[PDB]
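J.: First, the structure itself, so that you have it in front of you.
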2 protein chains.
Amino acid sequence: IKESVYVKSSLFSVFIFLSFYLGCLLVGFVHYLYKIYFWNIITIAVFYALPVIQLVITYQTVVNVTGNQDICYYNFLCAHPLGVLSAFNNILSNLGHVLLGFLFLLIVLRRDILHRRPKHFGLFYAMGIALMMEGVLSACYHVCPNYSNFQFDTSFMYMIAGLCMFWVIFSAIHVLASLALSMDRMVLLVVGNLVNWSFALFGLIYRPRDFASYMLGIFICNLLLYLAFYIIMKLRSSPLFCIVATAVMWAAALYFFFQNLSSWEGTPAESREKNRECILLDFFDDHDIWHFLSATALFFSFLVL
Amino acid sequence: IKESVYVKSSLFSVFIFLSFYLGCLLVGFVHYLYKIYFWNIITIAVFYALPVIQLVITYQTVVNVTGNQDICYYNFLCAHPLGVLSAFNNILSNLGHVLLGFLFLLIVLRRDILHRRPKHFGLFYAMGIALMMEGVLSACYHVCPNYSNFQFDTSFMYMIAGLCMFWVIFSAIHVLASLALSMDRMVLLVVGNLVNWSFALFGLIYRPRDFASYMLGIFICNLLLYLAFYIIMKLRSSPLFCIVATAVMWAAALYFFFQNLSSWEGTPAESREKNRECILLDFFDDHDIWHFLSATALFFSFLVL
């Protein structure tokens, strides 16, 4: 494909979130008419990031010089090269993560500024920086996806889970964590325990090869349950468009997520069995669309928060 | 070589460090006649380590299966296999690091306990955990040394330097840092600035290919200068065997360090040009001896502290 589609796709990808900032600017104009944590998080992020970038760039160089293309588990039907990067679409598509995180950080910043002129935003700042780092490190992982660097991809989320605080054993421990985390209170508590136990038994029986998949699945299910709890309790106590947008963006996100176009758990030939052609602007594939809706649904859900 | 030399060498190492503990026990019997930082440090250490061992074990598995031995930069004359590890001597030799570190933690612990029954030990505990992690991660790096994981090797020391707070530009910035860190005060300050400047122009002219070596050298020289300052200033104000031992072990450690038997920055054949035969018990090489004396000189140096 010619560079014309390159520039069209890139311009569209940037300009959609540029229009998001533009609309936010109209909203603001219509309305017109704790550094220790920040320093620690920036140091930890930059220092942990540096050598994994070195590692992935070394992998890219060695695969480019050797020509042995089964080292990286790309989407070889929707792979577009530019310079030394042999898969640019998956790199550019993660721009939405960073831009949406920036918009989030700035709205939180102006909220704090207006507050100065238990409503705390420090955890919000930390989680926004977490979104920053997760997006960027996901991009670096997508430079060349392998078994080795997937652990580094989930290492930041493991870090965050640490700071914030065989399958039968896993199911039992998951059940224990679910019950420990959380006239009518007993009924809803039992309902939550039951829905958690259902995913526990799916994890026990199905036995997937991707642990992070179920980790994120229980994550999204638990936070959506808590959001439904918050909305129903607010209703019983006697803006709104974000609540509606959350559900549709997340529904699209899960649809695009459960495609599993690339699977590095097997041999690379088997991972090339599930490749699918480009579907968006002849430049993007299902995984990049998953990136986009994951970013926007994440933003909307935390906007409810 | 037979397993006999394996067991003799391993038993020798473990028993000499056990003799260190035993002598400490005689000393103690003769004398007889802040959790947030700990939790954070252990969490970050474990979580950052985990994918590093995952990556290096993946490297070991792939080199073992494909048989392409130029992936890892070993000491192929002093390489001894055991199980899946193809270089056991470099792994076992780092046992002294963790064992001496454990000694340091226990003596600090008894000192604190006696204190309960501005003398602060929190930084001492943090640096002891640092010793532990540096030793273990150096072992994991020595499983299969390459360009990629050397950055992870220096990553922990970069981490610590962050928490505790083109060559001409580097020399100028080094000079600025040296002068910013630190009748007769002027003369000694000028002397320190002069030796720092001499090392700065040494790095500027020689332009070494190992930045970590340069940083470690300036670290050793600076703390040696500060220790000599402490001794001379205590002398002017009107035990000692540790002070005596520090110099001898550190000089021998530098002697063994400047051998540079393996150099991954070139092609693997050039790194194999500088291989040297086993020298100690027909089981160890110069780098492992550097491991040992680095550990003991480290322990003695902060024993003075």
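Chain B is numbered as in Swiss-Prot, which gives 301-333, 441-524, 539-586, 628-644, 681-736, 743-809 for the residues shown.
If you check the header, you will see the structure was determined by electron microscopy, 3.5 Å.
From the backbone N, Cα and C atoms, a Cβ is placed for every residue, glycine too.
Take a look at what Swiss-Prot says about it:
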- B:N471: N-linked glycosylation site (CARBOHYD)
- B:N567: N-linked glycosylation site (CARBOHYD)
- B:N764: N-linked glycosylation site (CARBOHYD)
- B:464-494: topological domain 'Extracellular' (TOPO_DOM)
- B:563-572: topological domain 'Extracellular' (TOPO_DOM)
- B:705-710: topological domain 'Extracellular' (TOPO_DOM)
- B:763-791: topological domain 'Extracellular' (TOPO_DOM)
- B:310-330: transmembrane segment (TRANSMEM)
- B:443-463: transmembrane segment (TRANSMEM)
- B:495-515: transmembrane segment (TRANSMEM)
- B:542-562: transmembrane segment (TRANSMEM)
- B:684-704: transmembrane segment (TRANSMEM)
- B:711-731: transmembrane segment (TRANSMEM)
J.: Between B:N471 (N-linked glycosylation site) and B:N567 (N-linked glycosylation site), find the distance joining the two CA atoms and give it rounded to the nearest Å.
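T.: With the alpha carbons as reference points, the distance is 16 Å.
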J.: Express the distance between the Cα positions of B:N567 (N-linked glycosylation site) and B:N764 (N-linked glycosylation site) as a whole number of Å.
T.: 15
J.: Write out the long-range same-chain contacts of B:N764 (N-linked glycosylation site), meaning residues 6 or more apart in sequence whose Cβ is under 8 Å from its Cβ.
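T.: Sequence-distant Cβ neighbours: B:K778.
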J.: Can you work out whether the transmembrane segment (B:495-515) touches the transmembrane segment (B:310-330), with the criterion being 3+ CB pairs under 8 Å where the paired residues are 6 or more apart along the chain?
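T.: Yes, the transmembrane segment (B:495-515) contacts the transmembrane segment (B:310-330).
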J.: Per residue, counting other C-beta atoms within 10 angstroms of the C-beta, which of the glycosylation sites B:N471, B:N567 reaches the highest number?
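T.: Selected residue: B:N567.
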J.: Quickly jot the same-chain residues contacting the topological domain 'Extracellular' (B:563-572) by Cβ under 8 Å, restricted to those at least six beyond its ends, or write none.
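T.: Same-chain contacts beyond the flanks: 459, 462-464, 466-467, 470, 478-481, 492, 494, 497-498, 501, 710, 766, 768-769.
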J.: Do you have the Cα distance in Å for B:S736 and B:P743? The stretch of 6 residues between them isn't modelled.
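T.: With 6 residues absent from the model, the flanking Cα atoms are 16 Å apart.
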J.: So how many of the residues in the topological domain 'Extracellular' (B:464-494) end up helix, strand or coil by DSSP?
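T.: For the topological domain 'Extracellular' (B:464-494), the helix, strand and coil counts are 10 helix, 2 strand, 19 coil.
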J.: In terms of Cβ proximity under 8 Å, which residues at least six beyond the ends of the topological domain 'Extracellular' (B:464-494) contact it?
T.: 301, 306, 563-567, 570, 765-768, 772, 775-776, 779-782, 787-789, 791
J.: In terms of Cβ proximity under 8 Å, which residues at least six beyond the ends of the topological domain 'Extracellular' (B:705-710) contact it?
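T.: Distant contacts of the topological domain 'Extracellular' (B:705-710): 571, 574-575, 578, 629, 767, 769.
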J.: Given a Cβ distance threshold of under 8 angstroms, which distant residues of the chain, six or more beyond its ends, lie next to the transmembrane segment (B:310-330)?
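T.: Long-range Cβ neighbours of the transmembrane segment (B:310-330): 499-500, 502-503, 506-507, 510, 514, 517, 785.
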